[PDB]
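Residue numbers (PDB author numbering), protein chains in the order written: chain W, 51 to 100; chain B, 101 to 150.
Pasting the structure below:
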């Protein structure tokens, strides 16, 4: 039972940590998407100015 | 399909590669109370007869 509860607590905490990783990836991809929007505006401006 | 170019094909390719890496990871890191189940071809015997 001691080994069992050790595994249980470890797996629960690891699942929580995976959720935190999901959140980090989400915020990073949001920043990347806004950078992509800026790049698209730059590309349109270049097509205009060419 | 043939409508997608190589630049459009690299995305599908790296997604497939990430999925395969995840498959390998979950195949190699799943264990029940300290013994793995997807790493060896050995059989398990359960004493069910006294």
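Here a beta-carbon is modelled for each residue, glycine too, at the ideal position from N, C-alpha and C.
With H, G and I counted as helix, E and B as strand and the rest as coil, what does DSSP make of residue i?
{"i": "residue 133 (chain B)", "result": "coil"}
{"i": "residue 60 (chain W)", "result": "helix"}
{"i": "residue 104 (chain B)", "result": "coil"}
{"i": "residue 121 (chain B)", "result": "helix"}
{"i": "residue 97 (chain W)", "result": "helix"}
{"i": "residue 150 (chain B)", "result": "coil"}
{"i": "residue 75 (chain W)", "result": "helix"}
{"i": "residue 141 (chain B)", "result": "coil"}
{"i": "residue 68 (chain W)", "result": "helix"}
If the criterion is Cβ atoms closer than 8 angstroms, does the pair residue i and residue j meet it?
{"i": "residue 139 (chain B)", "j": "residue 128 (chain B)", "result": "yes"}
{"i": "residue 53 (chain W)", "j": "residue 136 (chain B)", "result": "no"}
Give the single residue among the options whose Cα lies nearest to the Cα of residue i.
{"i": "residue 101 (chain W)", "options": "B:131, B:141, B:145, B:142", "result": "Look at the range of chain W in this structure, 51 to 100, and you will see that residue 101 (chain W) is not part of it."}
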